[PDB]
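Structure, as structure tokens:
Taken together, the values in this text are just the output of simple stated rules run on the coordinates, not laboratory data. All Cβ positions, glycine included, derive from the backbone under ideal geometry; neighbour counts span all protein chains shown.
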Amino acid sequence: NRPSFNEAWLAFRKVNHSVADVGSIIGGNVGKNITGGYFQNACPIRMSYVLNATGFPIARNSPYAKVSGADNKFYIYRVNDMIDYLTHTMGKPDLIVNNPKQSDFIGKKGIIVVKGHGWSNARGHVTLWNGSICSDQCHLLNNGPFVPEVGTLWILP
Amino acid sequence: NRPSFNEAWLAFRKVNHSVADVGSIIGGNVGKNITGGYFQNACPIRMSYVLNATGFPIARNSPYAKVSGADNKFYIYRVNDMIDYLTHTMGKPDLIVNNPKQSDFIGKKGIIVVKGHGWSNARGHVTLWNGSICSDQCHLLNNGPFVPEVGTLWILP
Amino acid sequence: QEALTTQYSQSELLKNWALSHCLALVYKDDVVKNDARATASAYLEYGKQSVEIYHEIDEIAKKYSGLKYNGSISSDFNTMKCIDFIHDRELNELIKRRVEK
Amino acid sequence: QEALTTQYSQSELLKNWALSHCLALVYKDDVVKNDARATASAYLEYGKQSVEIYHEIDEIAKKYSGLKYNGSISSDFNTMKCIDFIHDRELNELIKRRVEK
């Protein structure tokens, strides 16, 4: 099945900080790579933390690049990999929206993926959505320079 | 013949300043290139100023890269070019010293060239020498990281 | 404007990573270092390689970032260390050897 | 340590100049800008080309240095503008076309 919405939202908050702080929190190889500056986009690491924390851990042998935390659990560090991981583990999406706007997702909650153009470091973003706002809205820099092409929601119960 | 030592030494002083200041002083295309940051090594520009100022101007059609000043005279901007220019215009050198030390040049004065290894921006340096010190000694950063291989002096009368 | 990041081949991404990472090492200013780090992270995102290849690129970068360069003008020539680095034969062989194409 | 400056071919010097000059344009910090300028001047010293080729390289660099790049992390991606620049087809054709080999 799937992480409960409430547990996922709680866990996300624990890592809704700067990438430096995320490294301190998670430690292990996650921390080492963050200290070294190799990881700067916390997006997939926060989603990995959510899965690990809610009883749906990323398997060691999942076909995606990952590093261990101090918890000896595994953290995917590429956005594209996190997106593909969810596609292959979460079952059928509940909503798929072409040219999405936030208003299209009102009233439903869970894990949201948006793919689009305009960002120089990624093809998209993966986060939690509570029916009104994203869990990292506080970091969401921007009608911004990012133009969403497709938005996908997996409902969390 | 050759610039008088006294006139050469006086003229050198007028441009014995930061490359930014040299650009302001000389103006024209020299200044424009300095303002744009294209020239940062004032060495050959100062030597060009000396020649232009003492009645031995660099000819327009000299086979070396050069730019004009506000005076409509010409200024060589590469060290290697300034060295070659002097070799072809100054006549026979008066002293050539393998593995030179400053002490080897005591008691004689004029234009000095030192070629050597250890610098990342040039094969050598060209300046004036009064028998005791160089005219840009005040900028001479350094037994330094530069290892002189050959030193050549053309005496100025 | 979207950058050209998605247009680079895997080898080109690794060379781009090498350059930006080295610049992140050599420069002191926090705004510049953070910019070079952010830029390197963009090339890492699109790579298909494990993190240890970037750790090894860093090992080579450090052979250049620790050099002392001198000249007849005032500068540490930090930028030059990274330009020399990206021409390094060991670096280019490492990338060409890679297990993950 | 002497840098590798004397080992570069004429085309390699011009590409090295292009990169260091662009970095001198995009970064704000004076110590970094001056370092990149000093580094570029080293490649100019060893060139056999007239100054206008560097002025033209600058014209192309400015098409990249003036771009606004955005991402899902906080950065202006200034370093990235110069990495994209050094892959520019116009730049590489300019260098290959050059009258002074």
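Just a few scattered comments:
- Residue count for the range B:120-157, restricted to those that are farther than 26 Å from residue B:7 by Cβ and more than 14 Å from the chain's Cα centre (by Cα): 12
- Evaluation of residue B:34 against (1) within 16 Å of the chain's Cα centre (by Cα); (2) buried (at least 21 other Cβ atoms within 10 Å of the Cβ) (one fails), failing number: (1)
- Some residue of the range B:131-139 being of a type in the set (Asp, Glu), closer than 17 Å to residue B:42 by Cβ and in contact with a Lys or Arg (Cβ under 8 Å, 6 or more places away or on another chain): yes
- The residue list B:118, B:110 contains one member that is buried (at least 20 other Cβ atoms within 10 Å of the Cβ) and closer than 24 Å to residue B:133 by Cα, which is B:110.
- Residues within the range B:116-138 that are assigned to a loop (DSSP other than H, G, I, E, B) and either farther than 23 Å from residue C:78 by Cβ or more than 14 Å from chain D (Cβ to nearest Cβ) (or both), tallied: 8
- Looking only at residues of the range A:43-56 that are part of a helix (DSSP H, G or I) and among the polar types (S, T, N, Q), we find that the one that is nearest to the chain's Cα centre (by Cα) is A:48.
- Pairing each residue of the range C:23-48 that is farther than 16 Å from residue D:28 by Cα with any residue that is outside any helix (DSSP H, G or I) and of a type in the set (D, E, K, R), provided the two are 6+ apart or on different chains, yields C-beta distances under 6 Å for C:45/A:78; C:48/C:100.
- The strands (runs of 3 or more DSSP E) falling completely within the range A:57-103 that include 3 or more residues that are within 14 Å of another protein chain (Cβ to nearest Cβ) and touching a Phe, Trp or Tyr at 6+ places or on another chain (Cβ under 7 Å) map to A:66-68.
- Counted residues, the range A:125-157 - those being under 12 Å from residue A:102 (Cα atoms), among the aliphatic types (A, V, I, L, M) and buried (at least 18 other Cβ atoms within 10 Å of the Cβ): 1
- Counting only helices (runs of 4 or more DSSP H) wholly contained in the range B:1-42, the ones carrying 2 or more residues that are closer than 18 Å to residue D:51 by Cα and of a type in the set (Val, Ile, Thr) occupy B:19-26, B:28-35.
- Close Cβ contacts (under 9 Å, 6 or more residues apart or on different chains) running from residues in the range A:26-43 that are away from chain C (no Cβ under 11 Å) to residues that are in a helix (DSSP H, G or I) and crowded, with 20+ Cβ neighbours inside 10 Å comprise A:26/A:34; A:26/A:45; A:26/A:48; A:26/A:49; A:31/A:22; A:31/A:23; A:35/A:23.
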